[PDB]
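If you want the building blocks of each chain, they are given just below.
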Amino acid sequence: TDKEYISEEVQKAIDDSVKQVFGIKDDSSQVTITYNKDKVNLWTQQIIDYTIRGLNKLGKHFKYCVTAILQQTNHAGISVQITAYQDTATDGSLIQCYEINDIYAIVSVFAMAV
Amino acid sequence: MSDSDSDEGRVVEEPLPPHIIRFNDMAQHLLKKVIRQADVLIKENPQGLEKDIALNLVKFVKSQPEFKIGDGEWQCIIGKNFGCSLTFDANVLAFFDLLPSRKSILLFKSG
Amino acid sequence: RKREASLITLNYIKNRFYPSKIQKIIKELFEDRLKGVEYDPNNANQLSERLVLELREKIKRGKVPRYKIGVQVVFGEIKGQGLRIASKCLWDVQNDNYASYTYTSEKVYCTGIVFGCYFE
Amino acid sequence: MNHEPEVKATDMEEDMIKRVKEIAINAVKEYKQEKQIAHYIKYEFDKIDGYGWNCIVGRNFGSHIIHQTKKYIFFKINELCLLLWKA
Amino acid sequence: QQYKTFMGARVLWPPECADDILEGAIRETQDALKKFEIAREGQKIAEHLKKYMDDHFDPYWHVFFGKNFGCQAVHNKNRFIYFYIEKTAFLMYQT
Amino acid sequence: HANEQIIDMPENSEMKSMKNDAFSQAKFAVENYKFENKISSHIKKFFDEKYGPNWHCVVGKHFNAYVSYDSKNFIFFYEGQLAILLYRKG
Amino acid sequence: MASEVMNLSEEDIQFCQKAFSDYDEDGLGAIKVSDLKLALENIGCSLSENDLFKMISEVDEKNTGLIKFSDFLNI
Amino acid sequence: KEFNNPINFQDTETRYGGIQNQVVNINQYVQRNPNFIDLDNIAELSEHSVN
Amino acid sequence: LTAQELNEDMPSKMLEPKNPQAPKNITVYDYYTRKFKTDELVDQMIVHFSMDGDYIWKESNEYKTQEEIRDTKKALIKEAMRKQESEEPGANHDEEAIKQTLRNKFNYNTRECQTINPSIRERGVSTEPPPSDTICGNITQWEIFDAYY
């Protein structure tokens, strides 16, 4: 429990990164972000910094790998499949799909036993 | 109808020279035609000025019928090492490097 | 070489080349599985997951049993839409390596990322 | 120290040629990357010369591109060649 | 500055060159030495390695190998390989 | 005593100073620095400012190397006991 | 394992002579000193520099093993 | 004592990822009359000194 | 940015966010600087696939610029078609022909420019230090005296 991977903890870390970059969350929020070639490069690096830092703050002794993909406002068919080779009791892999107005992004977190 | 094997091939008939594509914002049929002409042109005058090779390539694409996307005049720049950013007509820019030649070729139309 | 022997004691590592060996293996596997470039239908999306499952087994076969392999396969349709995917993974520097291969057809783009972490 | 660039050949106005050289000196120091230098010149020229512009910086390259009359200037700095044309 | 031994050859533990290419280059250099000794007709073995690099890697590779030498050079990302075999150090940077 | 050297530089094309600069720079740099790694960095830096970038120079008392260089940009000379090789590629 | 190779006998025999001469000990191994013993006994060369020159040129050397025999074979 | 890896590490778990569908046009016009693309034919160069 | 303590007092090691595979340092020559410039700090971020596309949303800032370019080209085409139609009697020239007609040898000039490049050459140079010889010297009081005498 104290040093055991939790699916709920991983989801909150990804949520903090999405909120930190552009999310004021539902009501009392006035954010309209449009994907741009210059902006997308900055967003992937910035989002990765927040997810790793957010995971690390409450992080246990687990190897962490994070992959970020930004969809170009949908209008195409994209399917992402995640395969992880790790002891089931020791680790779990969670993939989260986020809808953020004009730009759609998918965040995947990999947990490795240490 | 052909030496060794009868009726040739749909794939066997067309051979493409080895090349590396940095970016390919153009129709596949148009890009394949340009690569064959570029490889033949370089082969015709090896160790020759890039400007001379570029002039022949620009004439060939312009001369061929149904290869015109309109807007800006067709213009191709060939340099072993060069860095640039040019506004171009949508789906009219082809960028490729021939592996044997080892020289990057840039073809696009700017209006 | 007492120091070299000492280096084995802190971490065995078993650092078999993984930068292009996995990349060469994934690239060869992706071309055969992709088959026709033109197909991009809704029914094919279910089929894309099947390709990912086959890929993980091949990584273990190519001298990677000691390492733990995490592989993510993304299948998308490109109509000139621009999307950039960047992956950052925290691992013991020089004790782990990853292989990434990107294959783009005229109408279909397939990207496979493989992550290997040493464990014992 | 970087001396003022010498233009091998150009088709520009006396007032216009000075502006290109002035923009070129600022662009080279501001961006180390060759592509970045080309990107800066095109954007600055867009406000002054309108929507259509193109900038290419190559240490060694040879090519011929159609350009609008009086809008084409080519200047070579020490050990570097920069070519910019309009439409 | 921390030297490491891989595949029987001493090279920088953090490898400037790609892991795939670096292993191939080290194996080729060892095979070349097994055939031609560094001490006699040493110039010929270095030339053979340079030609071999062009066949399987991007062209204009620069190869310098000497018992004792000091050099600093500008190379492309993941195109610099430095390793020591016995008492001889081989340094190659791709341009 | 530098009995045999290889000279491949332009003569009377106004690039005559490159050969002269290489001999002068090597003698001044080698005596003051007195380090094989330092000599290569100093010779490369002086040549880079005067004739532009993409210049690679390696200095070793005893070494064997094979490299591709731009025509008329490669000069090989011996400064005292030390041997210095400088050439321009790209 | 020979394969049809005549070659000279006068020299091939000489090596064996000088070899067993110092190797008579029957130790089964050869050192860098033994190789010079012969030339030191008869006085073939003036200094070890000579024998060491050719030998060193062959490839490399060490303390003692057996391959040292090459010294005579090449001598 | 020091780390060992005798415990079995053979389990694999896979979780699917998907994006909810929407009209393909999505109030957008495909491409542009003029397309701007930046292409670099020169690889990045890093200088390392080994003595 | 955390450190993991190895069991049985092993040498300490820690994990880092930075990707090891990415080049340790990136150096780009600056013409203004006139000397090679090296930046130790790197982005250290890895992207498996990067895609740039020409997709624009309705009423975008970029879209307005594109509309202006189309209008400016259309205005020149409209003026050229109208002037030719006005100048001639009952002109039947097509819009596509007028666009081709608008381009003129004086109107558009094409020049091909190339940069001189030295031919690449491959040369092999071998250096080998002066031959060294072994010298043995024995000095005795009588020998020193004999030379002195």
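Reading guide: rules and limits
Residues numbered from 1 in each chain as written, not as in the entry; some residues may be left out. Chains lettered and ligands numbered in written order. Part of a larger assembly, values for the part shown. Heavy atoms only, no water. Residues with missing side-chain atoms left out of burial classes, pairs and counts. Contact = heavy atoms within 4.5 Å. Helix = DSSP H or I, 4+ residues; strand = E, 2+ residues; numbered from the N terminus. Nonpolar A, V, L, I, M, F, W, Y, C, P; charged D, E, K, R; others polar. Pairing = 2+ DSSP bridges. Expected span 1.5 Å × (residues − 1). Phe/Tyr/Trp six-rings, centres within 6.5 Å; stacked < 30°, edge-to-face > 60°. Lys NZ or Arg CZ within 6 Å of the ring centre and 35° of its normal. Axes fitted to C-alpha atoms, helices over the stretch in contact; angles between N-to-C directions. Salt bridge = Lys/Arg side-chain N within 4 Å of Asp/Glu carboxyl O. Left-handed = near helix turned anticlockwise from the far one by under 90°.

To continue, consider the interface of chain I and chain H. As a measure of interface size, the accessible area lost when the parts come together is often cited. Counting residues at the interface gives 17 residues for chain I and 18 residues for chain H. Contributing elements (two or more residues each) for the side of chain I that touches chain H: β3 (26–27), β6 (55–57) and α1 (61–87) of chain I. Ranked by residues supplied to the side of chain I that touches chain H, first place goes to α1 of chain I with five residues. Grouping the amino acids of the side of chain I that touches chain H by side-chain chemistry returns seven nonpolar, four polar and six charged. Note: strand β2 (residues 28–30) of chain H against β6 of chain I, three bridges, orientation antiparallel. Paired with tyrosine 29 of chain H across the strands is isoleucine 56 of chain I, a residue of β6 of chain I.

Given a rise of 1.5 Å per residue, 16 residues ought to cover 22 Å, and the 23 Å separating the end C-alpha atoms of helix α2 (residues 36–51) of chain F matches this to within 8%. One or two residues past the end of α2 of chain F sits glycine 52 of chain F, with phi positive at roughly 85 degrees.

Below, the discussion takes up the packing of aromatic side chains. Centroid distance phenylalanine 88 of chain B to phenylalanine 36 of chain H: 6.4 Å. Interplanar angle 50 degrees. Geometry classified as tilted. A residue pair is termed interchain when its members come from two chains, as with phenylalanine 88 of chain B in strand β2 (residues 74–89) and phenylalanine 36 of chain H in strand β3 (residues 34–40). On the numbers, 6.2 Å between centres and 25 degrees between planes, the contact of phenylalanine 108 of chain B with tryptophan 85 of chain D is stacked. Linking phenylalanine 108 of chain B in strand β4 (residues 104–109) with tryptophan 85 of chain D in strand β4 (residues 80–85), this pair reaches from one chain into another. One aromatic cluster in this structure is built from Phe64 and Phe69 of chain E together with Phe63, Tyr69, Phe74 and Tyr87 of chain F. The ring of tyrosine 43 of chain D has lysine 42 of chain D lying over it, and the distance from NZ or CZ to the ring centre is 4.6 Å. Over the ring of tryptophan 13 of chain E we find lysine 4 of chain E, and its NZ or CZ is 3.4 Å from the ring centre.

Another point: the sheet that holds strand β3 (residues 97–104) of chain C. Here we have five strands laid out as an open sheet, ordered β3(C)-β4(C)-β1(C)-β2(A)-β1(H), and antiparallel in their pairing. At either end of the open sheet lies a strand with only one pairing partner, and these are β3 of chain C together with β1 (12–17) of chain H. For this sheet the average axis-to-axis angle between neighbouring strands, irrespective of direction, equals 10 degrees. As defined by bridge partners, strand β2 (residues 79–85) of chain A adjoins strand β1 (residues 67–77) of chain C across six bridges and the pair is classed as antiparallel. From the neighbouring strand, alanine 84 of chain A faces β1 of chain C, where its bridge partner is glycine 70 of chain C.

Our next topic: the interface of chain C and chain A. Counting residues at the interface gives 35 residues for chain C and 34 residues for chain A. Listed by contribution, the elements that provide at least two residues to the side of chain C that touches chain A are α3 (42–61), β1, β2 (84–90) and β4 (108–118) of chain C. Of the residues belonging to the side of chain C that touches chain A, the class tally is 17 nonpolar, eight polar and 10 charged. Relative to β2 of chain C, strand β1 (residues 62–71) of chain A runs antiparallel, the two being bridged by six bridges. In the sheet register, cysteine 65 of chain A faces β2 of chain C, and the bridge partner there is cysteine 89 of chain C.

With that settled, the discussion passes to the sheet that holds β1 of chain A. If you trace the five strands from one edge of the open sheet to the other, you get β3(A)-β4(A)-β1(A)-β2(C)-β5(I), paired in antiparallel fashion. Two strands close off the open sheet at either side, each with one partner strand: β3 (94–100) of chain A together with β5 (46–50) of chain I. Neighbouring strand axes in the sheet, compared pairwise and without regard to direction, differ in orientation by 15 degrees on average. When β3 of chain A meets strand β4 (residues 103–113) of chain A, the two strands line up antiparallel, connected through seven bridges. Note that in β4 of chain A the partner of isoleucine 95 of chain A across the bridge is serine 108 of chain A. Each of β1 and β4 of chain A together with β2 of chain C is contacted by helix α2 (residues 37–57) of chain A, which is oriented at about 25 degrees to β2 of chain C, the strand it contacts most.

What follows is about unusual backbone geometry. Look at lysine 35 of chain C: it is not a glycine, yet its phi comes out positive at around 55 degrees. With respect to the helices and strands, the residue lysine 35 of chain C is situated in the loop between α2 (21–34) and α3. Of note in this structure, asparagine 12 of chain F is not a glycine but carries a positive phi near 65 degrees. Mapped onto the secondary structure, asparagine 12 of chain F falls in the loop between β1 (6–8) and α1 (16–33).

Further remarks concern the pattern of salt bridges. A pair can form between side chains of opposite charge whenever their charged atoms are brought close. The closest approach of N and O atoms between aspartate 30 of chain I and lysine 32 of chain D, which form a salt bridge, is 3.8 Å. Of the two residues, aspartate 30 of chain I is situated in the loop between β3 and β4 (38–39) and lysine 32 of chain D in the loop between α1 (14–30) and α2 (34–49); the pairing between them involves two chains. Residues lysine 37 of chain I and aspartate 39 of chain I are paired through a salt bridge, measuring 2.5 Å at the closest nitrogen-oxygen approach. Connected through salt bridges with shared partners, the residues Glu14, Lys32 and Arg36 of chain B form a single ionic network.

All names here are of chain E. With their axes 10 Å apart at the nearest point, helix α1 (residues 19–35) and helix α2 (residues 42–56) run at an angle of 145 degrees to one another. Helix-helix and strand crossings are classified by hand; for α1 and α2 the assignment is right-handed. Residues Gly24, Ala25, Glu28, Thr29, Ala32 and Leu33 of α1 form the contact with α2, whose own contacting residues are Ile45, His48, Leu49, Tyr52 and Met53. Of the residues contributing to the contact of α1 with α2, the split by class is seven nonpolar, three polar and one charged.

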